[PDB]
Amino acid sequence: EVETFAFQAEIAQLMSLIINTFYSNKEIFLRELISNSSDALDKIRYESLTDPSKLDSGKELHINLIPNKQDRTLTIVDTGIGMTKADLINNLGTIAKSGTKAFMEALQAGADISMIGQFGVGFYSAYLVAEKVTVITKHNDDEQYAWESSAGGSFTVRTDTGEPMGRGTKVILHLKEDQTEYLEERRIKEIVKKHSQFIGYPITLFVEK
Ligand SMILES: CC(C)Cc1cc(-n2c3c(c4c2CC(C)(C)CC4=O)CCN(C)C3)cc2c1C(=O)NCC2
């Protein structure tokens, strides 16, 4: 069973702005997704200090960057807290509403797309480079889920039939035809060094065979 949901009006408006605005500094999507993963790692690490059993699903706290030229995909894997079904459908979207409204007002007031993170809606910068985004996630208190959106005002949520993850999130970016530079090893290295050099977790860039 695949459930289809409409995005909150403000979120749909933000996604349209990200996809339709002429903005060359697209590389910022990577630091935004790395920031989301770093926050998820911080959350599980903190919670594990009071309840160590929260790490039974995996002790390693890291981020993996996996480019795939054949599939034209860039995958960001983290062993963070993961997201529940309620987080994917309601919680994060509700939280993002105020930030989205504030960001769009700031953009009208003279701010630029790179400031997206200051409003806590950085996840949506994935649409600067991806035509479709697939989010595979597993939280300790829930089943493994697959969230997906090609924008256009809707998203889908289904129980993931694929390989079990243990705990964490996989963000699969199905890249736009003219955005293949983000699959090159030296380009990814340059972006990580420039914007995410002080992330407190190991960032491993997987090289293609
Ligand atoms: C910020 C952490 C705790 C959770 C998280 C949240 C999100 N995220 C966020 C937002 C959204 C998402 C992912 C989606 C698919 C639920 C969409 C969304 O609105 C809005 C607010 N941001 C602060 C975070 C994305 C990821 C993750 C994650 O665990 N790993 C990398 C991908």
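Cut-offs and rules
- Residues numbered from 1 in each chain as written, not as in the entry; some residues may be left out.
- Heavy atoms only, no water.
- Axes fitted to C-alpha atoms, helices over the stretch in contact; angles between N-to-C directions.
- Helix = DSSP H or I, 4+ residues; strand = E, 2+ residues; numbered from the N terminus.
- Parallel < 35°, antiparallel > 145°, perpendicular 65-115°, else oblique.
- Left-handed = near helix turned anticlockwise from the far one by under 90°.
- Contact = heavy atoms within 4.5 Å.
- Nonpolar A, V, L, I, M, F, W, Y, C, P; charged D, E, K, R; others polar.
- Near = heavy atom within 4 Å.
- Polar contact = N/O pair within 3.5 Å; in protein donor to acceptor, adjacent residues only side chain to side chain.
- Pairing = 2+ DSSP bridges.

In the PDB header, X-ray crystallography is given as the technique by which the entry was determined, and 1.8600 Å as its resolution.

Glancing now at the packing of helix α1 (residues 9-20) against helix α3 (residues 85-108). Viewed as axis vectors pointing N to C, α1 and α3 meet at an angle of 50 degrees, and their least axial separation amounts to 9 Å. One finds that α1 runs oblique with respect to α3. Taken as a pair, α1 and α3 cross one another with a handedness that is left-handed. Across the interface between the two elements, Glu-10, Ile-11, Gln-13, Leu-14 and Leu-17 of α1 pack against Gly-93, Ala-96, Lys-97, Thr-100, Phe-103, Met-104 and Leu-107 of α3. Classifying every residue of the contact of α1 with α3 by side-chain character gives seven nonpolar, three polar and two charged.

Moving on, we get to the site of the ligand. As a matter of local geometry, the ligand sits amid 15 residues, with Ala-40, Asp-78, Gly-120, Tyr-124 and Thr-169 nearest to it. The contact in question runs from an oxygen atom of the ligand to an N or O atom on the side chain of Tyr-124, over 2.7 Å. Contacts to the ligand include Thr-169, whose side-chain N or O atom sits 3.4 Å from an oxygen atom. Contributions of two or more residues to the shell around the ligand are made by α2 (28-50), α3 and β7 (168-175). Considering each element in turn, the shell around the ligand owes the most residues, four residues, to α2. Tallied by class, the residues present in the shell around the ligand amount to nine nonpolar, four polar and two charged.

Pairing in this open sheet of eight strands is mixed, and the strands run β1-β6-β5-β4-β7-β3-β2-β8 from one edge to the other. Pairing within the sheet leaves two strands with one partner each, and these edge strands are β1 (3-6) and β8 (203-205). When strand polarity is set aside, the average angle formed by the axes of neighbouring strands in this sheet is 15 degrees. Looking at chain direction, strand β4 (residues 130-138) and strand β5 (residues 144-149) are connected through six bridges and run antiparallel. Paired with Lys-138 across the bridge in β5 is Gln-144. Sheet contacts for α3: β1, β4, β5 and β6 (154-159); angle to β6, the most-contacted strand, approximately 160 degrees. Together, β2 (63-68), β3 (73-78) and β8 form the strand contacts of helix α4 (residues 185-195), whose direction differs from that of β8 by roughly 165 degrees.

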